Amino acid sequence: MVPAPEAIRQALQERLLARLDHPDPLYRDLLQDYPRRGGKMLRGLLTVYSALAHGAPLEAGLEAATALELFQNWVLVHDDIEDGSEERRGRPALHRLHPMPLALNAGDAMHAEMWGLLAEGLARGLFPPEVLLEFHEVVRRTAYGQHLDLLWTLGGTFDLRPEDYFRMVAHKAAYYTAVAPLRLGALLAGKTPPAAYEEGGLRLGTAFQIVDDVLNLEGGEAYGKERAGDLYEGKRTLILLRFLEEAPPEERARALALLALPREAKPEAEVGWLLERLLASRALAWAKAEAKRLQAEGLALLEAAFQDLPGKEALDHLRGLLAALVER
């Protein structure tokens, strides 16, 4: 049968760490630090079951998933430096445990290892050339999305149009999170992915991001950056956009004035005030409902295409994990 999710998670973790092993203890420490913080590895699991559902070999699925999880990890090391995040999954960010230059460089080394794994998997016949082209698209789109995200925070004014936000998140997070796993599965099987994988996947991946943003404001276990990190960092989120659209004039102005200040200049009392307002706002409830609406739209767009997947047991798992993008 198909492996259970925990067995896949354990395998991906072992493989990820093995790709980042190094004889220099400090260097190995740097490379493996973020992977060692653990996590559900949802993107990796989606990739493995997507591969199996399309009829591609388990080994090919595991290696492609290992590459995507390596991507997730180096992207977070650099994002934490770029975003000014202090924490990552319960521990200080890498550039707060070590000199920032060493963390920046470690991220580059990890990125190189992702491509090394891809070149090796291709040489062995597990990856068609198209898989490497897909990973190029993954890094290219993600980097451009991060560029748009950073530029928004640093601008003289703030574009609040939903369309601008959705374009950014589609590149920054939605594509690699939900579209790539689907496309990779088809590519590994020598199948041209249907256009619906990107259309439906972007909806699912955007819903995923909205949920991450909700979780960042709430007081649950901090799986990502520090709680309220989006407020300290001036990150655009759908919750913030909806709040600004509905808030009393005084509150809207106060939130926008806070947004214009760099992290260190944001008054602590004002960050606390905004966090309280957002958690109690109709905007938060609206964002949660919006994530579910987008999830539904994505499922609608993928249902017909999923009829063509031969690995039915794997497909059951894939549908379950796609649901987990929003329900967790």
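Start at 1 and count along the sequence shown; that's the residue number.
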Segment of higher mean CA temperature factor, 193-201 or 138-146: 193-201
When the C-alpha temperature factors are averaged for each of 42-50 and 289-297, which stretch ends up with the higher value in the entry? 289-297
Would you mind finding, among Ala123, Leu76, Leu133, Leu256, the residue with the largest C-alpha temperature factor in the entry? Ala123
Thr157 - which third its CA temperature factor falls in, relative to the rest of the chain: highest
Within this chain's modelled residues, let me know which third the CA B factor of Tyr176 belongs to: lowest, middle or highest. lowest
Sorting the chain's CA B-factors, does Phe208 end up in the lowest, middle or highest third? lowest
Going by the entry, which third of its chain does the Cα temperature factor of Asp29 land in? highest
Quick one: classify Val214 as lowest, middle or highest third of the chain based on its Cα B-factor. middle
